[PDB]
Undergrad: 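Here it is, the structure, as structure tokens.
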Amino acid sequence: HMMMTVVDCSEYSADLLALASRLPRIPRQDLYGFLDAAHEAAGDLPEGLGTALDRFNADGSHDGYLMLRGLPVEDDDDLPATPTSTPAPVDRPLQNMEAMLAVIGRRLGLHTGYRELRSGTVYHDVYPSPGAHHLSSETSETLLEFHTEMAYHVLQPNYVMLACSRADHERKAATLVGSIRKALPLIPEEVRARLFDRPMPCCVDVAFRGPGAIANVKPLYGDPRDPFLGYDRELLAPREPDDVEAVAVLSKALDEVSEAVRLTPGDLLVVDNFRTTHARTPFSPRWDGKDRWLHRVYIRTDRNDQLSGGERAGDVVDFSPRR
Ligand SMILES: N=C(N)NCCC[C@@H](C(=O)O)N1CCC1=O
């Protein structure tokens, strides 16, 4: 990854805590007002952090992510026990890394929930569960394979944001990012041509099944010289042999350029969900009250037909498959 891809925020700690101190303490009681307050704070971010975010937002980067480090997370003993259920309690007090997702998220765009997913909530806790389905972010011992988040969804978000309150005990779990800007040079022009703008059948995540490959996903699309990426190692279901072979080439190229990010407390990862695919490698939970704990939100921006007018940060949208 490039120098500019990692932003050390430790010098900003007091300023960021001051911004958090004026946000509503019980965000889920009035999420729209909470995120409006966070938008006001976003305009007051430290100049260097605001600039890094704005630059990345304009047109992503070669790496496809922005990693903020050293944000003012609570000490471990000042955090509650790691959640073991979803959705979160409506009265749960705001945590510092959630405040960062609010302020840094509003600098980028509009927080978005998905009605059928995690009870239609905007803030997701990402924690291990002992019976996790293999297509669940609650997995641990089994690799969560590469996916563009909701690539099959008409209202797919520009960004996935992951903020770390607890790492896993052994700091083993790696968040993998595969950037199409790094992978594309490894893909032959002939395979690029087969992938580009070609809709292929795609299954959907369990939350959206209510059924087979009810969506169509274009693995590459947009500008052929700098394409967007829609990839899902588990759900993409090409039928034609040439399509299966083209996707296999794409899949191996993303593997070869994959970068591993190990999230630690105070880290916040912004993933460009139109140009990357992401994964999480195995770890072993201990069920001791201190298991790995991320906070996840989704951000929409005004491009790629994510928005059609009037949307607000906090909106929850219904499922429509890409066709
Ligand atoms: N290749 C895949 N699709 N893996 C499952 C993604 C994780 C899943 C979850 O949060 O449990 N998810 C992301 C949107 C949604 O549902």
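Counting from 1, the numbers follow the sequence of the chain as shown.
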Undergrad: Are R292 and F283 in a cation-pi setup, meaning NZ or CZ lies under 6.0 angstrom from the ring centre and within 45 degrees of the ring axis?
TA: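 Verdict for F283: a cation-pi partner in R292.
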Undergrad: Quick one: does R300's side chain have a donor or acceptor within less than 3.5 Å of a partner on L155's backbone?
TA: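 Not a single qualifying donor-acceptor pair exists.
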Undergrad: Would you say the side-chain atoms of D205 pair up with the backbone N or O of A207, donor to acceptor, closer than 3.5 Å?
TA: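 Checking the backbone N and O of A207 against the side chain of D205, no donor-acceptor pair under 3.5 Å is found.
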Undergrad: Considering only heavy atoms from C-beta outward, does the side chain of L144 approach that of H278 to under 4.5 Å?
TA: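 When only atoms from C-beta onward are counted, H278 and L144 do not touch, as no gap falls below 4.5 Å.
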Undergrad: Ignoring hydrogens and geometry, is there a side-chain-to-backbone donor-acceptor pair from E149 to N158 under 3.5 Å?
TA: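 Flag not set: sc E149 to bb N158 has no pair under 3.5 Å.
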Undergrad: If you take all heavy atoms of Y221 and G230, which pair is closest and at what distance?
TA: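 The pair with the smallest heavy-atom distance is CE2-N, 4.2 Å.
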Undergrad: I want to check something: taking the side chain as every heavy atom from C-beta on, are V6 and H1 in contact at a cut-off of under 4.5 Å?
TA: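 With C-beta onward as the side chain, the pair touches.
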Undergrad: Count I, L, V, M, F, W, Y as connected when their side-chain heavy atoms are under 4.5 Å apart, and connections chain through other members. Are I299 and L294 then in the same cluster?
TA: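 Different clusters: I299 never reaches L294 through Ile, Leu, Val, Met, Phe, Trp or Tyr contacts under 4.5 Å.
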Undergrad: Kindly work out whether a path of hydrophobic side-chain contacts (I/L/V/M/F/W/Y, heavy atoms less than 4.5 Å apart) joins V297 to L23.
TA: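 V297 and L23: one cluster.
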Undergrad: Just checking, is any N or O donor in the side chain of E170 or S284 under 3.5 Å from an acceptor N or O on the other one?
TA: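 Side chains of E170 and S284: no pair found under 3.5 Å.
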Undergrad: Taking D315 for its side chain and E311 for its backbone only, find out whether a donor-acceptor pair lies under 3.5 Å.
TA: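 Checked: no pair found.
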Undergrad: Quick check: does any side chain N or O of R275 sit under 3.5 Å from a backbone N or O of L229, one acting as donor and the other as acceptor?
TA: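 No, because the side chain of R275 does not come within donor-acceptor range (under 3.5 Å) of the backbone of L229.
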Undergrad: Quick check: does any side chain N or O of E74 sit under 3.5 Å from a backbone N or O of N96, one acting as donor and the other as acceptor?
TA: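 Between the backbone of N96 and the side chain of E74 there is a qualifying donor-acceptor contact (under 3.5 Å).
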Undergrad: Look at the side chain of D223 and the backbone N and O of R225, then say whether any donor-acceptor pair between them is shorter than 3.5 Å.
TA: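 Present.
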Undergrad: Would you say the side-chain atoms of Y123 pair up with the backbone N or O of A102, donor to acceptor, closer than 3.5 Å?
TA: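 Here the side-chain-to-backbone pair exists.
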Undergrad: Which atoms form the tightest heavy-atom contact between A237 and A213, and what is the distance?
TA: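 Looking at all heavy atoms of both residues, the closest pair is CB-CB, 4.5 Å.
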Undergrad: Can you name the side-chain contact (heavy atoms from CB on, under 4.5 Å) partners of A246, sequence neighbours left out?
TA: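 If we apply the side-chain contact (heavy atoms from CB on, under 4.5 Å) test to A246, skipping adjacent residues, the hits are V191, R194, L195.
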Undergrad: What are the two closest heavy atoms between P238 and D243, and how far apart are they?
TA: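 Looks like CB-CB, 3.6 Å.
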Undergrad: Cluster question for you: counting only ILVMFWY and a side-chain heavy-atom cut-off of under 4.5 Å, with indirect links fine, are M97 and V261 together?
TA: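 In one cluster: no.
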Undergrad: Would you kindly say whether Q156 and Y298 are connected by a side-chain donor-acceptor distance under 3.5 Å?
TA: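 Judged by distance alone, the side chains do not pair up.
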Undergrad: Hey, any chance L108 and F274 share a hydrophobic cluster, counting ILVMFWY side chains that come within less than 4.5 Å of each other, even indirectly?
TA: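 Not linked; separate clusters.
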Undergrad: Keeping the roles fixed (side chain from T277, backbone from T148), state whether a donor-acceptor pair exists under 3.5 Å.
TA: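 Present.
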Undergrad: Pairing donors with acceptors under 3.5 angstrom, does anything connect the side chains of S165 and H295?
TA: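 Side-chain D/A pair, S165 to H295: present.
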Undergrad: So, does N273 use its side chain to make a donor-acceptor pair with the main chain of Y159 at under 3.5 Å?
TA: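 It does not hold such a pair.
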Undergrad: Please verify the inter-ring angle class for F208 with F319; under 30° counts as parallel, over 60° as perpendicular, anything in between as tilted.
TA: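 Correct class here is parallel.
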Undergrad: Within a radius of less than 6.0 Å around CZ of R55, do more than 12 heavy atoms belonging to other residues, nucleotides or ligands occur?
TA: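 Open: at most 12 neighbouring heavy atoms sit under 6.0 Å from CZ of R55.
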Undergrad: What is the minimum heavy-atom distance between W293 and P83, and which atoms define it?
TA: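 So the minimum-distance heavy-atom pair works out to CE2-CD, 3.2 Å.
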Undergrad: Is there a side-chain contact between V7 and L66 in this structure, where contact means two heavy atoms from C-beta onward sitting under 4.5 Å apart?
TA: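 Yes. Closest side-chain heavy atoms under 4.5 Å.
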Undergrad: Is there side-chain contact between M67 and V270, with heavy atoms separated by less than 4.5 Å?
TA: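 The answer is no, as the side chains (C-beta and beyond) never meet within the 4.5 Å cut-off.
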Undergrad: At their closest point, which heavy atom of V257 faces which heavy atom of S179, and how far apart are they?
TA: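 The answer is CG2-O, 3.9 Å.
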Undergrad: Does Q29, at its CD atom, have more than 12 non-hydrogen atoms belonging to other residues, nucleotides or ligands within less than 6.0 Å?
TA: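 No, the 6.0 Å shell around CD holds no more than 12 heavy atoms from other groups.
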Undergrad: Which atom pair, heavy atoms only, marks the closest approach of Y114 to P157?
TA: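 That would be OH-CD, 3.3 Å.
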Undergrad: Do you see a donor-acceptor pair shorter than 3.5 Å between the side chains of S251 and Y231?
TA: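 Looking only at side-chain atoms, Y231 and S251 do form a donor-acceptor pair, the distance falling under 3.5 Å.
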Undergrad: According to a 4.5 Å side-chain heavy-atom criterion applied to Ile, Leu, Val, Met, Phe, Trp and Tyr, with indirect links allowed, do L307 and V154 form part of one hydrophobic cluster?
TA: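 They do not share one cluster, since no chain of ILVMFWY contacts under 4.5 Å joins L307 to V154.
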Undergrad: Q95 and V73: side chain to side chain contact (heavy atoms under 4.5 Å, CB included), yes or no, with the steps?
TA: CA-CA 8 Å; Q95 291 173 200; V73 65; over 6 Å; no
Undergrad: What side-chain donor-acceptor pairs closer than 3.5 Å can you find for residues 45-52, not counting sequence neighbours?
TA:
from : atom 1 : to  : atom 2 : distance (Å)
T51  : OG1    : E47 : O      : 3.0

Undergrad: Is there a donor in the side chain of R118 and an acceptor in the side chain of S137, or the other way round, less than 3.5 Å apart?
TA: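 Judged by distance alone, the side chains do pair up.
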Undergrad: So do the side chains of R166 and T82 get within less than 4.5 Å of each other, counting heavy atoms only?
TA: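 Answer yes - side chains close enough.
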Undergrad: Is there a donor in the side chain of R69 and an acceptor in the side chain of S10, or the other way round, less than 3.5 Å apart?
TA: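 No - no donor-acceptor pair under 3.5 Å links their side chains.
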